[PDB]
Amino acid sequence: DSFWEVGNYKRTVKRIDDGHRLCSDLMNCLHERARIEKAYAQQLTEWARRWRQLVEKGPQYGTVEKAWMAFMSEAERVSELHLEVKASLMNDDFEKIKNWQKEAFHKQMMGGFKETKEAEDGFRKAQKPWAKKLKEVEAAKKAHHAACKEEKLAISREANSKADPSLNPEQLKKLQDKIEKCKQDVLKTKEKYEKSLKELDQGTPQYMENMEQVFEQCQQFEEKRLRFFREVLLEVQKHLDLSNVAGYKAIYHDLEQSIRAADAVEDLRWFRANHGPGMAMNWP
Amino acid sequence: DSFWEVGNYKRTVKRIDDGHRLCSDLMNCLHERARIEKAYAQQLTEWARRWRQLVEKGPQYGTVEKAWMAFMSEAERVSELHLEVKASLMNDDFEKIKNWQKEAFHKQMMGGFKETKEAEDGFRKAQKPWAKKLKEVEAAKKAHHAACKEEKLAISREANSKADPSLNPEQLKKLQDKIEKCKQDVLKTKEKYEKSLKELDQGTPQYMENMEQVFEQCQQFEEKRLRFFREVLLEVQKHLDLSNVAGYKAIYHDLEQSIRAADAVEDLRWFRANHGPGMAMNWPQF
Ligand SMILES: [Ca+2]
Ligand SMILES: [Ca+2]
C-alpha cells in the first residue's frame with residue numbers, strides 16, 4: 001500500500017519508463033501539429049494557383065484584375081508562414097526532444113533502460129537487509145501466533161476433559177502435562193519472536209536513509225525532464241505564435257493597398273481605347 | 001477589327017454577360033477559400049480533442065500536464081477564429097455578391113439577359129442608318145470594279161481583234177459599241193460610287209453620336225460592377241485579416257502563462273508525499 005512497504009519503490013521505478021514514453025508522445029503531439037500546418041499550406045497554394053490561373057484566363061482585366069490577384073498572393077504569404085511554423089516545430093522543437101531522449105534514456109540489450117535498471121538495483125540493495133529481517137520477524141510472530149493458539153487449546157481442553165467421567169488415575173496427569181508445556185513455548189518463542197522486532201528496529205534508521213538516497217536520485221532524474229518539458233513547450237508556443245508578427249501584418253497592409261489601387265474609371269478609359277469608340281477606324 | 005466596323009460593338013455587349021459570370025467566379029473563389037478555412041479549423045479541433053485525451057489518460061500529471069493541456073486549448077481557440085473567417089466570407093461577402101448579381105442582371109424568358117439584349121438593340125438602332133449606306137457603297141465598289149473589269153475586256157477584245165482579219169464587217173460594229181458603253185460605265189458608275197461616298201459622310205457624324213450615347217450607357221453599367229468588386233474585396237481582406245486581433249493575441253497571452261505556471265519542484269514534492277518517502281508506514285509491532 002505504501003512506499004516503505006516491501007517492493008513498493010516500484011511506483012517510482014516505473015516513473016522513468018514513462019519519462020521515455022512521454023518524450024515520444026510529446027514528439028508525436030508536435031509531429032501531428034506540423035502535419036496539420038503543412039496541409040493548410042498545401043490547400044492554400046493550390047487554391048491560389050487554381051484561382052490565379054482562373055482569373056487570368058477569365059474576362060477580368062486591367063486594374064481590378066490585379067486587386068484580385070493580390071488576394072491569391074496573400075494565400076501564398078500565409079502559406080509560407082504556416083510552412084515555417086511546421087519547419088520550426090520539426091527542425092527545432094521535435095529534434096530537440098528526440099536528442100534529449102537519446103541522451104537521457106539508453107535502451108539496453110536484454111532489456112529495458114540502463115537507467116530504470118539502475119534504480120531497481122539501488123532500491124533492492126537498500127531494502128535487502130530490511131526485508132531479510134522482516135523475513136525473520138514474520139516467522140517470529142506467526143510461529144508464536146500458533147504457540148498461543150496452542151496454549152488456549154489445552155486450557156479450555158482440560159476443564160472440558162475434567163468434567164468427563166472416566167480415566168483419571170494417570171490420564172489426569174497428562175492433562176496437566178500438556179498445558180504447562182505450552183507455557184514454556186509462549187515464553188520461549190515470544191521472547192525471541194519479539195527479539196527479532198528489536199534487531200529490525202536497530203537496522204531501520206539506515207534502511208530509511210538508504211531509500212531516500214536512491215529516491216532523491218530518481219527525483220533528480222525526473223526534475224531534469226520536467227524542466228526540459230516546460231522549457232521546450234515555451235519554445236513551441238513561440239513557434240505557433242502568429243498573433244503578433246511583423247511579416248504577418250505586412251501581408252495584409254500590402255493586400256489592402258493593392259485593392260485600393262483599383263481604379264474603376266482608369267480601367268474604363270482603357271476599354272474605350274482598345275475595344276471602343278477610342279479605336280481607330282478606316283473610313284471609306 | 002475596329003469597334004466602328006458593323007457588328008464589332010458586340011465586344012462591349014459581350015462584356016455584360018461576362019460581368020455576370022465574374023460575379024459567379026468571385027462567389028466560387030471565396031467559397032473554396034471559406035472551405036479551406038473550415039478544414040483547417042476542423043483539423044485543429046480533431047487534434048485538440050485527440051491529445052487532450054492522450055495527455056489526461058497518460059503518465060504525465062501535475063503542472064506540466066496542464067501546461068501541455070493549455071496547448072490543446074490554443075488549438076481550439078485558433079480553430080474558432082478560422083471558423084469566424086469562414087463564417088464572414090459566406091454570410092457577408094458571398095451573400096453580398098450573390099444579391100448584387102440578382103438586382104443587376106435579370107434573365108429574359110427567351111435567353112440571355114434583359115440588359116444584354118437591351119444594349120444590342122441599342123447598338124443596332126444606332127447603326128442601322130449608317131449600315132444601309134455602307135451597303136450601297138459596298139455595291140458601288142463592286143459594280144464599278146465590274147464595269148472597269150468588263151471595260152478592259154471589250155478593249156482587249158477589239159485590240160485582240162486589231163490584227164486578226166475577217167470575218168467580219170458586221171461583227172465589228174458590235175465589238176465597236178461594246179467599248180463605247182464601257183468607257184461610259186466607268187464615267188457613270190464612278191458617279192454613283194462618288195455620290196454614296198459623300199452621302200455617307202453626311203450620315204456619319206450622326207452615326208458616332210448615337211454609337212457613343214449607347215457606349216457610355218454600357219460604361220455606366222460596367223462602372224457599378226467594377227466599383228462593387230473593389231468594395232467587396234476590401235471587405236474580404238478585412239475578414240481574412242488575423243494579423244491584429246485582440247482575441248488572437250489573448251491565445252498566446254494565456255498559453256505562455258499557462259506554460260510558465262509549470263513547476264518541477266512542486267510536482268516532485270507532491271510525488272514523494274503521495275508516492276514516496278513522504279508516505280508514512282505501518283511500522284511492525286507485536
Ligand atoms: Ca484575365
Ligand atoms: Ca495524465
# chains A, B, ... in the order shown; residues from 1 in each chain; ligands from 1

$ residues_around --residues "residue 35 (chain B)" --least-positions-apart "6" --cutoff "12 Å" --atoms "only C-alpha atoms" --output "MDAnalysis selection string"
(chainID A and resid 40 43:44 47) or (chainID B and resid 28:29 41:42 82:90)

$ residues_around --residues "residue 26 (chain A)" --least-positions-apart "2" --cutoff "9 Å" --atoms "only C-alpha atoms" --output "list in words"
residues 21, 22, 23, 24, 28, 29, 30, 31, 94, 97 and 229 of chain A; 68 of chain B

$ residues_around --residues "residue 35 (chain A)" --least-positions-apart "5" --cutoff "12 Å" --atoms "only C-alpha atoms" --output "short mmCIF file (atom, residue, chain, number, x, y, z; two decimals) with N, CA and C atoms, in the first residue's frame"
data_model
loop_
_atom_site.label_atom_id
_atom_site.label_comp_id
_atom_site.auth_asym_id
_atom_site.auth_seq_id
_atom_site.Cartn_x
_atom_site.Cartn_y
_atom_site.Cartn_z
N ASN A 28 5.31 13.09 -30.91
CA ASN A 28 4.20 12.83 -31.83
C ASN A 28 3.15 13.93 -31.79
N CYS A 29 2.86 14.42 -30.59
CA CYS A 29 1.94 15.54 -30.43
C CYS A 29 2.31 16.65 -31.39
N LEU A 30 3.56 17.10 -31.29
CA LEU A 30 4.09 18.13 -32.17
C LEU A 30 4.09 17.69 -33.63
N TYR A 40 -2.70 22.84 -44.35
CA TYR A 40 -3.31 24.15 -44.52
C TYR A 40 -2.51 24.98 -45.52
N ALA A 41 -1.21 24.73 -45.59
CA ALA A 41 -0.33 25.44 -46.50
C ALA A 41 -0.42 24.85 -47.91
N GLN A 42 -0.67 23.54 -47.98
CA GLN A 42 -0.84 22.87 -49.26
C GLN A 42 -2.16 23.31 -49.87
N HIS A 82 2.75 29.39 -42.33
CA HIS A 82 2.41 28.12 -41.71
C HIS A 82 3.39 27.02 -42.14
N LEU A 83 4.06 27.23 -43.26
CA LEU A 83 5.07 26.28 -43.73
C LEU A 83 6.28 26.36 -42.81
N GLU A 84 6.52 27.55 -42.26
CA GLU A 84 7.64 27.77 -41.36
C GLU A 84 7.29 27.40 -39.93
N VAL A 85 6.01 27.52 -39.58
CA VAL A 85 5.52 27.05 -38.30
C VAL A 85 5.86 25.57 -38.19
N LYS A 86 5.62 24.85 -39.28
CA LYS A 86 5.88 23.42 -39.35
C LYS A 86 7.38 23.16 -39.34
N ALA A 87 8.10 23.87 -40.20
CA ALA A 87 9.55 23.73 -40.29
C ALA A 87 10.18 23.90 -38.91
N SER A 88 9.68 24.87 -38.15
CA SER A 88 10.21 25.16 -36.82
C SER A 88 9.92 24.04 -35.83
N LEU A 89 8.68 23.56 -35.84
CA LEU A 89 8.26 22.52 -34.90
C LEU A 89 9.08 21.25 -35.09
N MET A 90 9.41 20.95 -36.34
CA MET A 90 10.13 19.73 -36.66
C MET A 90 11.65 19.90 -36.60
N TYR B 40 -9.12 23.52 -41.97
CA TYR B 40 -8.01 23.79 -41.05
C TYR B 40 -8.51 23.88 -39.62
N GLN B 43 -9.40 20.31 -38.52
CA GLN B 43 -8.21 19.55 -38.17
C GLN B 43 -7.69 19.96 -36.79
N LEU B 44 -7.63 21.27 -36.56
CA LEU B 44 -7.14 21.81 -35.29
C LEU B 44 -7.90 21.26 -34.08
N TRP B 47 -7.55 17.41 -33.57
CA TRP B 47 -6.24 17.28 -32.94
C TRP B 47 -6.32 17.58 -31.45
#

$ residues_near_ligand --ligand "ligand 2" --cutoff "6 Å" --atoms "only C-alpha atoms and all ligand atoms" --output "PDB file with N, CA, C and O atoms, in the first residue's frame"
ATOM      1  N   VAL B  55      -3.065  12.954 -23.140  1.00  0.00           N
ATOM      2  CA  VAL B  55      -2.273  13.502 -22.046  1.00  0.00           C
ATOM      3  C   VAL B  55      -2.955  13.281 -20.698  1.00  0.00           C
ATOM      4  O   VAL B  55      -2.283  13.149 -19.680  1.00  0.00           O
ATOM      5  N   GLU B  56      -4.285  13.242 -20.693  1.00  0.00           N
ATOM      6  CA  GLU B  56      -5.033  13.015 -19.456  1.00  0.00           C
ATOM      7  C   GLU B  56      -5.033  11.556 -19.030  1.00  0.00           C
ATOM      8  O   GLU B  56      -4.964  11.254 -17.838  1.00  0.00           O
ATOM      9  N   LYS B  57      -5.122  10.650 -19.998  1.00  0.00           N
ATOM     10  CA  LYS B  57      -5.080   9.227 -19.687  1.00  0.00           C
ATOM     11  C   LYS B  57      -3.637   8.726 -19.621  1.00  0.00           C
ATOM     12  O   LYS B  57      -3.391   7.538 -19.397  1.00  0.00           O
ATOM     13  N   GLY B  58      -2.689   9.644 -19.799  1.00  0.00           N
ATOM     14  CA  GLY B  58      -1.280   9.297 -19.816  1.00  0.00           C
ATOM     15  C   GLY B  58      -0.612   9.425 -18.462  1.00  0.00           C
ATOM     16  O   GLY B  58      -1.271   9.733 -17.470  1.00  0.00           O
ATOM     17  N   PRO B  59       0.704   9.169 -18.415  1.00  0.00           N
ATOM     18  CA  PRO B  59       1.506   9.204 -17.187  1.00  0.00           C
ATOM     19  C   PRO B  59       1.813  10.616 -16.691  1.00  0.00           C
ATOM     20  O   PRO B  59       2.104  10.784 -15.509  1.00  0.00           O
ATOM     21  N   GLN B  60       1.755  11.609 -17.572  1.00  0.00           N
ATOM     22  CA  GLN B  60       2.068  12.984 -17.188  1.00  0.00           C
ATOM     23  C   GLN B  60       0.999  13.635 -16.308  1.00  0.00           C
ATOM     24  O   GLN B  60      -0.145  13.799 -16.725  1.00  0.00           O
ATOM     25  N   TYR B  61       1.389  14.033 -15.102  1.00  0.00           N
ATOM     26  CA  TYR B  61       0.471  14.697 -14.182  1.00  0.00           C
ATOM     27  C   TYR B  61       1.073  15.975 -13.602  1.00  0.00           C
ATOM     28  O   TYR B  61       2.278  16.204 -13.697  1.00  0.00           O
TER      29      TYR B  61
END

$ select_by_dssp --residues "region 72-286 of chain B" --states "alpha helix (DSSP H)" --output "NGL selection string"
:B and (72-88 or 95-104 or 114-163 or 170-201 or 205-240 or 246-260 or 264-275)

$ residues_around --residues "residue 74 (chain A)" --least-positions-apart "5" --cutoff "9 Å" --atoms "only C-alpha atoms" --output "ChimeraX atom specification"
/A:48,69,79,251-252,254-255

$ residues_near_ligand --ligand "ligand 1" --cutoff "6 Å" --atoms "only C-alpha atoms and all ligand atoms" --output "PyMOL selection string"
chain A and resi 55-61

$ residues_around --residues "region 91-104 of chain B" --least-positions-apart "6" --cutoff "12 Å" --atoms "only C-alpha atoms" --output "PyMOL selection string"
chain B and resi 16-34+83-85+113-116+221-222+224-225+228-240

$ closest_residue --among "A:270, A:175, A:282, A:18" --to "residue 113 (chain A)" --atoms "only C-alpha atoms"
A:18

$ atom_distance --atom1 "CA of residue 186 (chain A)" --atom2 "CA of residue 155 (chain A)"
13.3 Å

$ residues_around --residues "region 131-135 of chain A" --least-positions-apart "4" --cutoff "10 Å" --atoms "only C-alpha atoms" --output "MDAnalysis selection string"
(chainID A and resid 5:7 124 126:127 139:140 196:201 203:204 207) or (chainID B and resid 284)

$ write_last_selection --atoms "C-alpha atoms" --output "tab-separated table (two decimals), in the first residue's frame"
chain	number	residue	atom	x	y	z
A	5	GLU	CA	6.17	-1.44	2.32
A	6	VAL	CA	8.43	-4.03	0.68
A	7	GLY	CA	8.71	-3.75	-3.09
A	124	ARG	CA	16.74	-3.58	-3.99
A	126	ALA	CA	18.66	-0.56	0.29
A	127	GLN	CA	15.79	-2.90	1.20
A	139	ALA	CA	8.34	-16.07	11.20
A	140	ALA	CA	8.61	-14.83	14.79
A	196	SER	CA	13.69	-10.04	16.11
A	197	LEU	CA	11.48	-6.96	16.27
A	198	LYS	CA	14.39	-5.48	18.22
A	199	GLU	CA	17.08	-6.17	15.62
A	200	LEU	CA	14.82	-4.82	12.90
A	201	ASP	CA	14.44	-1.51	14.72
A	203	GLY	CA	18.64	-1.80	11.42
A	204	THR	CA	15.86	0.60	10.47
A	207	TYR	CA	17.23	1.43	5.67
B	284	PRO	CA	5.79	-3.56	12.50

$ residues_around --residues "region 242-249 of chain A" --least-positions-apart "6" --cutoff "9 Å" --atoms "only C-alpha atoms" --output "PyMOL selection string"
(chain A and resi 77-78+81+85) or (chain B and resi 241-246+248-252)

$ write_last_selection --atoms "C-alpha atoms" --output "compact mmCIF listing (two decimals), in the first residue's frame"
# COMPACT_ATOMS: atom_id res chain seq x y z
CA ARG A 77 2.26 34.63 -47.94
CA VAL A 78 0.03 32.98 -45.35
CA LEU A 81 4.09 31.37 -42.72
CA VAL A 85 5.52 27.05 -38.30
CA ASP B 241 -7.05 39.56 -41.66
CA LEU B 242 -5.99 37.83 -38.44
CA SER B 243 -2.68 39.68 -38.02
CA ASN B 244 -4.13 42.08 -35.44
CA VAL B 245 -6.94 40.59 -33.36
CA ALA B 246 -7.38 41.01 -29.61
CA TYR B 248 -5.92 36.22 -31.08
CA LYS B 249 -3.06 37.70 -29.05
CA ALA B 250 -5.00 36.61 -25.95
CA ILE B 251 -4.50 32.99 -27.02
CA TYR B 252 -0.72 33.13 -26.60
